[PDB]
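Student: Dumping the structure here so I can ask a few things about it.
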Amino acid sequence: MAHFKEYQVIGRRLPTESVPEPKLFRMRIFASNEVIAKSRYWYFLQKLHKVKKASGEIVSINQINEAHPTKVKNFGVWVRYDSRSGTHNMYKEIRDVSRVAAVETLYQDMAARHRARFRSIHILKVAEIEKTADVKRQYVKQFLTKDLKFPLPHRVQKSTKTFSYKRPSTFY
Amino acid sequence: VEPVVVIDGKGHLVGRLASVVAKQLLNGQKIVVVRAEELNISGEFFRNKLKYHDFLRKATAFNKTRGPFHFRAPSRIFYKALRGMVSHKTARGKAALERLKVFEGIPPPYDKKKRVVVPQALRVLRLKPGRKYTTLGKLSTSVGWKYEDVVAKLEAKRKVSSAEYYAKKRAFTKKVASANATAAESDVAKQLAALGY
Amino acid sequence: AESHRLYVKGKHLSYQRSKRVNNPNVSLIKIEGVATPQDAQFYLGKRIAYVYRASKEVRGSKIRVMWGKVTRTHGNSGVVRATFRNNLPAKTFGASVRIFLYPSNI
Amino acid sequence: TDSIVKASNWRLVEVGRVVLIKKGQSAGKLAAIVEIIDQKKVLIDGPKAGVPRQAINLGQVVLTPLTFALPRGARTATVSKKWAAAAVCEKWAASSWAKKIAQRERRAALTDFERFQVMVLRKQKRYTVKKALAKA
Amino acid sequence: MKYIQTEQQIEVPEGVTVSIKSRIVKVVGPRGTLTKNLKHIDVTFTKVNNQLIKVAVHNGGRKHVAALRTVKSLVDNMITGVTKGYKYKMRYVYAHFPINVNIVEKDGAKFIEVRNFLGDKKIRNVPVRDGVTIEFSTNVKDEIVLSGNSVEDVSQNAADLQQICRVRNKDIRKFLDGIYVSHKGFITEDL
RNA sequence: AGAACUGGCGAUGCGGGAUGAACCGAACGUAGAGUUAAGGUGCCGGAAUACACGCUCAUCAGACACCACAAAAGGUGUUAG
RNA sequence: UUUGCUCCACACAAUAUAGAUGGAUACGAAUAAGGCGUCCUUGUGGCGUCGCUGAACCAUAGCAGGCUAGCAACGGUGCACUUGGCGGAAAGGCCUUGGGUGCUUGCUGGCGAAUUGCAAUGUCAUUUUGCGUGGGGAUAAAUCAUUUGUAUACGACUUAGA
Numbered sequence: 001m002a003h004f005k006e007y008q009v010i011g012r013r014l015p016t017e018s019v020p021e022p023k024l025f026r027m028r029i030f031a032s033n034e035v036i037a038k039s040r041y042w043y044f045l046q047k048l049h050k051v052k053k054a055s056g057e058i059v060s061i062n063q064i065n066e067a068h069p070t071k072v073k074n075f076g077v078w079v080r081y082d083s084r085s086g087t088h089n090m091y092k093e094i095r096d097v098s099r100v101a102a103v104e105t106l107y108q109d110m111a112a113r114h115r116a117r118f119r120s121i122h123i124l125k126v127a128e129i130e131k132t133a134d135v136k137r138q139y140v141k142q143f144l145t146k147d148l149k150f151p152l153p154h155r156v157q158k159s160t161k162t163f164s165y166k167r168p169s170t171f172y
Numbered sequence: 003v004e005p006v007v008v009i010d011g012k013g014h015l016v017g018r019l020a021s022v023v024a025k026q027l028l029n030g031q032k033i034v035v036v037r038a039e040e041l042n043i044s045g046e047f048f049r050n051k052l053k054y055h056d057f058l059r060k061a062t063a064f065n066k067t068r069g070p071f072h073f074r075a076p077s078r079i080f081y082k083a084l085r086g087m088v089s090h091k092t093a094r095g096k097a098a099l100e101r102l103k104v105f106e107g108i109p110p111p112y113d114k115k116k117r118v119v120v121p122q123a124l125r126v127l128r129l130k131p132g133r134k135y136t137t138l139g140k141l142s143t144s145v146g147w148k149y150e151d152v153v154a155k156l157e158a159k160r161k162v163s164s165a166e167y168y169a170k171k172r173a174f175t176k177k178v179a180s181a182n183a184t185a186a187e188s189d190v191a192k193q194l195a196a197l198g199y
Numbered sequence: 002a003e004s005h006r007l008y009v010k011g012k013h014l015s016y017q018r019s020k021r022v023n024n025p026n027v028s029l030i031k032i033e034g035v036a037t038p039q040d041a042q043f044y045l046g047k048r049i050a051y052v053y054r055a056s057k058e059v060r061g062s063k064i065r066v067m068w069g070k071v072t073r074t075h076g077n078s079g080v081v082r083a084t085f086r087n088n089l090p091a092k093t094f095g096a097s098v099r100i101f102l103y104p105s106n107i
Numbered sequence: 003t004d005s006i007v008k009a010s011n012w013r014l015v016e017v018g019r020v021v022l023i024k025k026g027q028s029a030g031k032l033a034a035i036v037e038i039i040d041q042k043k044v045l046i047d048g049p050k051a052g053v054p055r056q057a058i059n060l061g062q063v064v065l066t067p068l069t070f071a072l073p074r075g076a077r078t079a080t081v082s083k084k085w086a087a088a089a090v091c092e093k094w095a096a097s098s099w100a101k102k103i104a105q106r107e108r109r110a111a112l113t114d115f116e117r118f119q120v121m122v123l124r125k126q127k128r129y130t131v132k133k134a135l136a137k138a
Numbered sequence: 001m002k003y004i005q006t007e008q009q010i011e012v013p014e015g016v017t018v019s020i021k022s023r024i025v026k027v028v029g030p031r032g033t034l035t036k037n038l039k040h041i042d043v044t045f046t047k048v049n050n051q052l053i054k055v056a057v058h059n060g061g062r063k064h065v066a067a068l069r070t071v072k073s074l075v076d077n078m079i080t081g082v083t084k085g086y087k088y089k090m091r092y093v094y095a096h097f098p099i100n101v102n103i104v105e106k107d108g109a110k111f112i113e114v115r116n117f118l119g120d121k122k123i124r125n126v127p128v129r130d131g132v133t134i135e136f137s138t139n140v141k142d143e144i145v146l147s148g149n150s151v152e153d154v155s156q157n158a159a160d161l162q163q164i165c166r167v168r169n170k171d172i173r174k175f176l177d178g179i180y181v182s183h184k185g186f187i188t189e190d191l
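Shown next as structure tokens:
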């Protein structure tokens with residue numbers, strides 16, 4: 001659609017005479033529209049038990065908005081997927097801009113290295129990094145200093161006109 | 003708008019230089035590339051060498067009339083690369099060849115006029131901080147170039163002559179620029195400095 | 002002004018051929034100075050007549066009337082598919098055709 | 003005997019760097035860099051404009067040769083009321099670095115009546131040049 | 001991990017400072033003045049306190065990373081090559097028969113004309129680059145002075161001068177007449 | 001190699017995968033305009049060198065399996081767990 | 001062989017078109033990078049300015065740019081000559097000095113506009129050649145036949161011949 005947001009999917013199974021108020025399952029599924037998030041909810045929760053699968057109801061479907069988009073810190077999401085050569089329980093600590101943008105950038109990297117299938121990407125708990133010490137990443141702390149200057153080559157010159165006295169160059 | 007568009011070879015590529023040119027040659031626009039000796043590529047001289055081991059068939063592999071189809075002389079000829087981007091089999095490219103007056107090095111005095119460039123023709127907008135350098139002057143010399151110290155000498159004679167011409171060309175226009183700031187105290191820069199003039 | 006002109010000299014591209022199906026009924030006028038389709042909304046609805054001449058004097062010298070009209074937008078570079086009346090050739094065209102700067106919307 | 007480096011020193015980006023948006027919905031509006039994210043997409047910030055920050059690439063924003071003294075923190079409206087302390091917008095319209103932008107912007111807003119009576123507003127100065135081309 | 005900068009404190013004494021523009025470095029020194037072109041690595045220097053040099057080197061995830069150390073070593077070769085120099089004291093340890101080595105002069109190139117080389121009557125005119133003086137034996141038997149003012153102009157030619165008498169059948173243990181480097185010392189004895 | 005059912009070819013075109021009587025879409029009325037999927041967007045060839053996020057240095061480069069299949073054992077070319 | 005052909009000037013008519021409607025505007029080199037101005041002991045120098053593409057400069061005011069005068073002038077632009085330079089890749093151009101004519105909208109008058117009936121690719125441009133006046137300059141070749149035979153299937157190159 002546009003961007004994988006966050007929704008609130010809550011289940012209750014069958015609050016009837018059989019099992020009055022089971023456990024009320026609730027997670028934080030990250031998906032685009034309100035269609036994929038429903039299936040991934042059943043995909044991440046395959047530990048359900050013998051009741052009925054035809055009872056695909058939602059307690060209160062809504063939309064968990066991005067918590068503080070301007071707040072830029074460090075987060076960690078455990079990457080898990082089952083390929084054909086086995087599996088990989090990975091975990092990155094890349095500096096995320098928001099709290100949901102990490103998932104979008106995850107599809108730009110994991111599919112660029114080990115070719116992660118879209119029907120195998122698992123979503124677990126999202127960790128949060130505030131202080132140092134526990135930070136085992138060097139490339140993250142290096143880019144996070146104070147009053148640091150650096151030159152930047154390469155420049156954009158998007159044009160189509162066949163007339164120029166500028167003599168194109170790259171300086172930024 | 004303009005009848006003939008002349009493109010200079012001041013640090014230009016090969017296939018990238020004939021990008022928007024293909025859209026012009028199909029329209030019958032005269033475009034000429036000057037200074038073939040001044041051709042740089044954002045690559046390497048290393049790979050660019052083997053141009054004979056895999057370069058021949060389907061004609062008469064020894065003839066002089068119906069044998070090979072060009073591709074001979076310093077790799078083959080920068081002229082062959084421009085044809086492949088134009089519908090040669092149709093007359094939409096046949097008449098284009100009459101417009102495409104690209105020879106070698108110095109053509110008829112067209113470089114002494116307009117030297118407009120194409121945004122995606124230079125290597126300056128396409129070079130990685132660490133990419134090797136390519137020299138056609140050494141590439142042509144690699145396979146035994148004829149006029150090595152001749153062409154380079156002829157080009158040098160024009161650079162010196164232009165240096166003496168640009169000296170007086172920047173002279174008379176200097177008096178105009180100097181009288182462009184001291185003559186704005188009247189009624190010219192007191193009502194035009196708020197509209198764009 | 003040593004020249005009179007109320008038209009734009011936009012470079013033509015081609016006509017309406019399609020994949021492997023031929024049906025010359027749509028032109029492909031390309032106006033320079035336009036990079037966005039949103040700026041191609043000024044140039045809508047005008048006579049375009051392709052530049053050519055005749056031979057014998059039948060109207061005054063070498064004049065044979067043609068007609069055309071600017072249609073909707075095309076592509077992303079502000080390409081205009083200004084279809085003509087019926088005189089839609091295919092003789093390897095592509096030139097600065099005369100586009101007619103209104104029949105003013107405003 | 004000294005080292006002495008010539009130039010080629012581009013405007014270094016650090017904590018506190020006023021920029022400008024050329025492409026996007028906020029094209030033409032002034033912006034600035036308060037907090038640096040990483041070695042990629044800088045976190046710009048428009049002062050007198052009123053627009054939330056977003057992930058904008060370096061291809062849609064360029065640096066400007068103007069510096070100021072402000073801390074590091076992704077916040078906009080703070081850099082607006084206290085802008086009087088570190089003013090630089092007055093120099094933006096004073097220097098001849100951003101005058102080329104309004105040169106084509108204001109000219110396009112001009113009508114045909116104000117773009118036809120300029121020939122006499124350019125010959126009053128040109129006449130003093132013609133006499134200072136051969137005689138002076 | 002894509003480093004942003006890898007600055008290195010380069011200790012440069014006064015009197016032998018260099019000129020910095022684009023990618024060209026000037027060698028300033030009383031003992032010969034030479035230049036050097038660098039168009040394959042793309043480096044950039046920055047002055048902040050005359051002696052020390054603090055710059056910014058990007059790209060740290062391929063082969064670059066620390067592309068300052070590979071240049072710093074070359075800088076020292078231009079500083080200690082114009083002051084301390086590089087005198088490769090090579091000793092000619094050979095028996096067999098007294099080889100009559102006579103170096104002649106030709107177009108200021110000084111082609112080493114080796115007459116009667118272990119039974120060979122071939123004149124091997126080895127080209128000698130300018131910027132290095134070559135003498136003979138004075139007090140010590142069999143000794144050649146390779147005192148130059150560069151590295152790629154002295155050591156580069158010395159490698160070709162050593163492997164110029166390569167034999168198909170014979171090699172090194174056939175006769176103890178191999179030209180080996182005794183000690184790669186310098187011109188200045190104190191330094 | 002030998003059965004039941006079986007979207008086509010056989011007996012059916014046009015478009016498209018460079019090219020294909022066997023695959024996908026479409027079980028063929030005659031113009032124009034508009035709207036999908038498959039197939040695309042430098043030219044050849046009717047189409048934006050339109051944008052953001054990764055990675056690489058090969059004197060056998062690479063860009064659609066079926067369709068003249070390659071595997072195991074290595075290495076001081078690099079990135080991310 | 002019914003005095004023709006070439007160069008400058010070009011009456012009245014044809015054969016054209018790969019698309020004319022301000023204008024094809026000369027520094028070179030480099031991109032982990034420059035140009036211009038000023039200063040200086042003239043260099044790998046310093047200071048200042050410019051850069052984010054041609055949306056910048058030049059050019060533009062009268063019937064398809066008409067017929068006059070005055071003021072502001074001793075500039076600028078175009079056609080037709082002469083003197084003084086330069087050019088060897090398809091050179092076939094550029095600039096300067098010394099005269100005359102038309103024009104010269106910075107500012108300031110008068111006359112002219114139409115009847116064409118709101119526009120009709122609404123012409124004042126050019127590839128080549130031939131046929132009528134003549135002001136200059138210049139007074140020619142090849143093939144067949146025959147002869148010589150280095151050449152020779154029928155041809156061509158090398159023959160002789162006032």
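Residue numbers (the authors' numbering), protein chains in the order written: chain S, 1 to 172; chain O, 3 to 199; chain f, 2 to 107; chain M, 3 to 138; chain H, 1 to 191.
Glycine included, each C-beta is placed from N, C-alpha and C at the ideal position.
Return the CA-CA distance between S:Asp109 and O:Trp147, expressed in angstroms with no decimal places.
Tutor: For the purposes of this step, residue 109 of chain S is taken as the residue at position 109 of the first sequence. For the purposes of this step, residue 147 of chain O is taken as the residue at position 145 of the second sequence. Those two C-alpha atoms are separated by around 49 Å.
Student: For the pair the region 113–125 of chain M and the region 86–101 of chain M, tell me if three or more CB-CB distances fall below 8 Å.
Tutor: The region 113–125 of chain M vs the region 86–101 of chain M: no contact.
Student: Taking C-beta pairs closer than 7 Å, name the residues in chain M that H:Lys21 reaches, listed in chain order.
Tutor: As a position in the fifth sequence, residue 21 of chain H is number 21, starting the count at 1. Result: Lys8.
Student: Report yes or no: do the region 140–155 of chain O and the region 12–28 of chain O share at least 3 C-beta pairs separated by less than 8 Å?
Tutor: The region 140–155 of chain O is not in contact with the region 12–28 of chain O.
Student: Would you report the Cα separation of S:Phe143 and S:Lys52, rounded to the nearest angstrom?
Tutor: As a first step, residue 143 of chain S must be located in the first sequence, where it is residue number 143. As a first step, residue 52 of chain S must be located in the first sequence, where it is residue number 52. Cα to Cα, the separation comes out at about 51 Å.
Student: Distance cutoff 8 Å, beta carbons only. Does M:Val64 sit that close to anything in chain O?
Tutor: Taking the first residue of the fourth sequence as 1, we reach residue 64 of chain M at position 62. No, no contact with chain O.
Student: Which residue from H:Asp130, H:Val104, H:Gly60 and H:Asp177 puts its Cα closest to that of H:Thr33?
Tutor: As a working note, residue 33 of chain H is residue 33 in the fifth sequence. If we check each option's Cα against that of H:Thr33, H:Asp130 comes out closest.
Student: Chain M partners of S:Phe4, CB-CB under 9 Å?
Tutor: To locate residue 4 of chain S, count along the first sequence from 1; it is residue 4. Near S:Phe4 there are no residues of chain M at all, since even the closest Cβ is about 14 Å away, more than 9 Å.
Student: Just list the alpha helix (DSSP H) runs in the region 51–116 of chain M, keeping only unbroken ones of 4 residues or longer that don't cross its boundaries, in chain order.
Tutor: Fully enclosed alpha helix (DSSP H) runs of 4 or longer: 80–83, 91–94 and 101–111.
Student: Between which two residues does the alpha helix (DSSP H) carrying S:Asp109 extend?
Tutor: Locating residue 109 of chain S in the first sequence gives position 109, where the first residue counts as 1. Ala101 to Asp109 is the span of the alpha helix (DSSP H), which, as asked, contains S:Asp109.
Student: For the alpha helix (DSSP H) containing M:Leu22, name the first residue and the last one.
Tutor: Taking the fourth sequence and counting its residues from 1, one reaches residue 22 of chain M at position 20. Where M:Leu22 is concerned, there is no enclosing alpha helix (DSSP H), although the beta strand (DSSP E) it sits in stretches over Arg19 to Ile23.
Student: Kindly list, in the order they appear in chain S, the residues whose Cβ is closer than 8 Å to that of H:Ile53.
Tutor: The residue labelled residue 53 of chain H in the question sits at position 53 within the fifth sequence. Neighbours of H:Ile53 on chain S: none; closest Cβ ~15 Å, over 8 Å.
Student: Does DSSP classify O:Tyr167 as helix, strand or coil?
Tutor: As a first step, residue 167 of chain O is located in the second sequence; it is residue number 165 there, counting from the start. Three-state DSSP puts O:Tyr167 in a helix.
Student: Using a beta-carbon distance below 8 Å, is O:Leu102 in contact with chain S?
Tutor: As a first step, residue 102 of chain O is located in the second sequence; it is residue number 100 there, counting from the start. With 8 Å as the cut-off, O:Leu102 does not count as an interface residue toward chain S.
Student: Would a check of beta-carbon distances place S:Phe171 closer than 8 Å to chain M?
Tutor: One-based indexing of the first sequence puts residue 171 of chain S at position 171. It does; some Cβ of chain M falls within 8 Å.
Student: Starting from the beta carbon of S:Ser159, find every residue of chain O whose beta carbon is closer than 7 Å, and list them in chain order.
Tutor: Reading the first sequence from its first residue, position 159 is the one you call residue 159 of chain S. Per Cβ cutoff of 7 Å: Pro121.
Student: Under 8 Å, with one C-beta from each stretch per pair, do the region 169–184 of chain H and the region 91–107 of chain H reach the 3-pair mark?
Tutor: Because the criterion of three Cβ pairs below 8 Å is met, the region 169–184 of chain H and the region 91–107 of chain H touch.
Student: Could you pull the start and end residues of the beta strand (DSSP E) that M:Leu32 belongs to?
Tutor: Here the question's residue 32 of chain M lines up with position 30 in the fourth sequence. Segment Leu32 to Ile35, the beta strand (DSSP E) holding M:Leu32.
Student: In terms of DSSP beta bridges, what is f:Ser97 paired with?
Tutor: Taking the first residue of the third sequence as 1, we reach residue 97 of chain f at position 96. f:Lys12.
Student: Would you please verify whether the beta carbon of M:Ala76 is less than 8 Å from any beta carbon of chain S?
Tutor: To locate residue 76 of chain M, count along the fourth sequence from 1; it is residue 74. Judged by the 8 Å Cβ criterion, M:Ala76 is in contact with chain S.
Student: Quick check: what's the CA-CA separation for O:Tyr168 versus H:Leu68?
Tutor: On the second sequence, position 166 is the one that residue 168 of chain O refers to. On the fifth sequence, position 68 is the one that residue 68 of chain H refers to. Each residue's alpha carbon lies about 41 Å from the other.
Student: The beta strand (DSSP E) with H:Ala158 in it runs from where to where?
Tutor: On the fifth sequence, position 158 is the one that residue 158 of chain H refers to. Run containing H:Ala158: none in the beta strand (DSSP E); it sits in the alpha helix (DSSP H), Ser155 to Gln162.
Student: Under three-state DSSP, which class holds S:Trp78?
Tutor: On the first sequence, position 78 is the one that residue 78 of chain S refers to. S:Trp78 falls in the strand class under three-state DSSP.
Student: Measure the beta-carbon distance from f:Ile100 to f:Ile64 and round it to whole angstroms, keeping in mind my assumption that it falls under 8 Å.
Tutor: Here residue 100 of chain f corresponds to residue number 99 of the third sequence, with the count starting at 1. Here residue 64 of chain f corresponds to residue number 63 of the third sequence, with the count starting at 1. About 20 Å separates the two Cβ atoms, so there is no contact after all.
Student: Please check if any C-beta of chain S sits within less than 8 Å of the C-beta of H:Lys63.
Tutor: The residue you call residue 63 of chain H lines up with position 63 of the fifth sequence. No, because no Cβ of chain S sits closer than 8 Å to the Cβ of H:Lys63.
Student: What are the residues of the region 84–95 of chain f that lie near chain O, defined by any Cβ-Cβ distance shorter than 9 Å?
Tutor: Those residues of the region 84–95 of chain f that come within reach of chain O (Cβ to Cβ, closer than 9 Å) are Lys92, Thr93, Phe94 and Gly95.
Student: Give the residues from the region 39–71 of chain M that approach chain H closer than 8 Å (Cβ to any Cβ), ordered along the chain.
Tutor: Within the region 39–71 of chain M, the residues whose Cβ lies closer than 8 Å to some Cβ of chain H are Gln41, listed in chain order.
Student: Using a C-beta to C-beta distance shorter than 8 Å, which residues of chain O count as neighbours of S:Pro168?
Tutor: Here residue 168 of chain S corresponds to residue number 168 of the first sequence, with the count starting at 1. Result: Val119, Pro121, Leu124, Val126 and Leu127.
Student: Could you please tell me which residues of the region 72–105 of chain S, in chain order, have their CB closer than 8 Å to any CB of chain M?
Tutor: Going along the region 72–105 of chain S in chain order, one finds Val72, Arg95, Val97 and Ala101 with a Cβ nearer than 8 Å to chain M.
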